[PDB]
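First structure 1, then structure 2: two forms of the same chain, each alone, as structure tokens.
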Structure 1
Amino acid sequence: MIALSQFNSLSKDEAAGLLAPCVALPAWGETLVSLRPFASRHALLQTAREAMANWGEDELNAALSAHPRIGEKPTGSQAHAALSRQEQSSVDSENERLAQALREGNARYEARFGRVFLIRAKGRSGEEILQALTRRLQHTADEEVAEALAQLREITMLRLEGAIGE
């Protein structure tokens, strides 16, 4: 973490770079960077929530362009890969039935909705994710866009909360 006071004093480029791993949407980070200095972490998080209130399918699809699939733990020391592994840490990779069900489930979801299946993985077992995946496969296009965006907002906030301190 970096302290709020430290975040408030950073250059526009360094502050943007710090926020970039939270979500793959430049307009979101740029809005937050330009509203410094923030009165509190409370204020930062509230502003962050408001900045994602108008996200639609266009933002969804753009954000998921390189999002790692559940059951496909990415390699690398970078923030993008490390956060994903950390978030997927409750998925049991050694369960062959589960791993195969996730691969088949991901393939079915992408064929149906045209994007990577997105879930807030933190604290969820592979079974919980698979059940959510199975449930969401029955959604209409518009229902799924809504839940996917809801999950994206959760992930983004958790990452921001992990990035900036009080």
Structure 2
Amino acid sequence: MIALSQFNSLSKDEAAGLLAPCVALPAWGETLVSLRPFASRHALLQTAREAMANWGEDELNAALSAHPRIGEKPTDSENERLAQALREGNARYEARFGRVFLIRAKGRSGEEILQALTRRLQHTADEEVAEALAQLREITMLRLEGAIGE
């Protein structure tokens, strides 16, 4: 984590590089960099929310285009059944929607993630675009919160 004053004093490209891990959407970071300086962390986060508010399906597609799929990292009990259900459901999600399963995981149990996955598998395409974007927005904000301090 860097200080807000550091973020303000970085070059346009240095500041963009700092924001890059938050989300794979260069335009979002470039927008925030262009609106410097920021007088408080709260104010920066407010601007960050505005900048991602109008993300659509095109942004979702671009942001997830390089994300590893469930089968792309090759390595009875409640845990075994949960792990298997999570893996199978994740595989079916990819086949149904043509994208990685995106969910804000921090604060959610494995069971809670399975609940969400099972429900989202029964979504219409439009409902799922909306929820996936919401998850993308939540993840991006959490990453930004860890990147820049007061």
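Numbering for residues begins at 1 and runs along the sequence of structure 1. Shifts are known only where both forms have a C-alpha. By rigid core we mean the largest C-alpha set that fits within 1.5 Å across both forms.
Peer 1: With the core superposed, find the residue in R69, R115, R136, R120 that moves its CA 2 Å or more between structures 1 and 2.
Peer 2: Meeting the 2 Å or more criterion is only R69.
Peer 1: Taking the rigid core as the frame of reference, how far in Å is the Cα of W55 displaced between structures 1 and 2?
Peer 2: For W55, the C-alpha ends up 0.5 Å from its position in the other form.
Peer 1: For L98, give the CA shift between structures 1 and 2 in Å, the superposition being done on the rigid core.
Peer 2: Looking at the C-alpha of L98 between structures 1 and 2, the offset is 2.1 Å.
Peer 1: Using only residues present in both forms, find each stretch of at least 3 consecutive residues where all Cα shifts reach 2 Å or more between structures 1 and 2, with the core as the superposition reference, and list them in order along the sequence.
Peer 2: Moving regions between structures 1 and 2: 66-75, 92-99.
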